[PDB]
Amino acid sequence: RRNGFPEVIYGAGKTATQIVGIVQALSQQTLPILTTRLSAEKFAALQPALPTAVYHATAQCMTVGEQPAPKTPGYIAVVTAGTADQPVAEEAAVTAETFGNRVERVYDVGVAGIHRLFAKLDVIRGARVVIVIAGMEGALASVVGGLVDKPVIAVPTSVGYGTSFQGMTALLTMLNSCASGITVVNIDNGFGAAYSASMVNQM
């Protein structure tokens, strides 16, 4: 199963020592190695062991090794509604770049001020895949889906106030988009979106 994909470790349930055991075993230059959902403290416990490792604080991700160069010319656009979407957005962007994709970040363009979205519309329309990340309202996916004729993958986030229902509302909003060409992943699953986006980008 040499799909060319880097090795991925889900560090939510793994200990800081348990992770080190996997990384040194996969340090046979198989590929670069991505570790997701890695707490900042858990990286502190790991850094003396892997001094050549890079931690992405906001994304809570850790990469060891450097992917050589983008595998494909096309890029993925990661679009977010607000600043509260920065963590899972960064998780999606770090995953896509680790998987060999160029990534264009289009942050803070929610529909409360829509000129910000129109200012960066040429960048979004030029992508081969667009990942839309939004919470509170999450209506941005429907607006983006109606403005681009490229695959859109929508990520609901759990940044909630009141009836946000820990991201449930954003999830339902994305599933019921009037605009077609939108497809959805589970709440906060920025990694998964980038995994699917990367497959689409590299055909």
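The numbering used is simple: start at 1 and walk along the sequence shown.
Annotation for 26-34 versus 170-178: the higher mean temperature factor (C-alpha) is found in 26-34. The mean Cα B-factor in the deposited entry runs higher for 108-116 than for the other of 89-97 and 108-116. Across the residues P156, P70, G160, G145, the deposited record lists the maximum Cα B factor for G160.
The entry lists a Cα temperature factor for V200 that places it in the lowest third of the chain's modelled residues. Annotation for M62: C-alpha temperature factor in the middle third relative to the rest of the modelled chain, per the entry. Compared with the other modelled residues of the chain, the Cα B-factor recorded for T183 ranks in the middle third. For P151, the recorded CA temperature factor ranks within the lowest third of the chain's modelled residues. Per-chain ranking of the deposited C-alpha B factor places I9 in the middle third.
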